[PDB]
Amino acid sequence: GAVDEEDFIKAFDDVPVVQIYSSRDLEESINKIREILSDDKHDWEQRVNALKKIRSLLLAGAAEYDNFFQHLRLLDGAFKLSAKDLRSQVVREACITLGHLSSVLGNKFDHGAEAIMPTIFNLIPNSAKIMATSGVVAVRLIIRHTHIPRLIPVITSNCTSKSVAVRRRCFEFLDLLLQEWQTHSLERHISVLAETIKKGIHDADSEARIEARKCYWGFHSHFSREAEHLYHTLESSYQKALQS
């Protein structure tokens, strides 16, 4: 998984150098990208290049312009469409560009991350490895760089999926989030974290339980009081499993 993540990161700037000739020029460039990515029947190679050009623009300093985040909102539909494409080339490029947006904007990717996250979670159970992995890596990159509390319920809600794959990944994501985010980023969501981890500890799946226990101790390190309380509501067998 570390190699796939590194592969995305290396791809971030493997895109053409572009110029931004004005605020108007930037808006029109993003308008053109929206047009290309919003058409179901538009040439797939041209869609890959349009997704790459978003990275080009970031590298040209687009994020500095007054209206940039207005422009980025406009691409909500484009990202969803791209991440749902039949062609993994398009899906994968979209996930790379989403990861790049997160790494460049950090916490200012708050709106875009929340808007696209359910769509990329829908990749997780795909039986095609390239499809699933692209979505997994995009989520991990977003969690790593965009520490936004509103993302926590989106992630935890998938803890309870009928798809075992989604459940396993969910607790992998949660483990990563607890390890990467500061305590203050978690304080509005203590209860939902505790209940989500509680459900994972009792999960029917063995791999899911193992990840949930990682989550428990991550959670404990932030909130020992609340984690100890959760611990003592557990039957004896689960308490011993946690101590292992």
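So that there is no doubt, residue numbering starts at 1 and follows the sequence shown.
S.K.: Going by the mean C-alpha B-factor recorded in the entry, which is higher: 108 to 116 or 156 to 164?
M.R.: If you average the C-alpha B-factors of 108 to 116 and of 156 to 164, the larger mean comes out for 156 to 164.
S.K.: Read off the CA B-factors in the entry, average them over 229 to 237 and over 15 to 23, and name the higher stretch.
M.R.: Result: 229 to 237.
S.K.: Looking at the C-alpha B-factor of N49, is it in the lowest, middle or highest third of its chain?
M.R.: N49: CA B-factor falls in the lowest third of its chain.
S.K.: Would the CA B-factor of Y216 place it in the lowest, middle or highest third of its chain?
M.R.: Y216: CA B-factor falls in the middle third of its chain.
S.K.: Could you look up the Cα B-factor of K32 in the entry and say which third of the chain it sits in: lowest, middle or highest?
M.R.: Middle third of the chain for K32's C-alpha B-factor.
S.K.: Of the three thirds of its chain by CA temperature factor, lowest, middle or highest, which one includes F68?
M.R.: As the PDB entry reports it, the C-alpha B-factor of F68 lands in the middle third of its chain.
S.K.: Sorting the chain's modelled residues by C-alpha B-factor, tell me whether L58 ends up in the lowest, middle or highest third.
M.R.: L58: CA B-factor falls in the lowest third of its chain.
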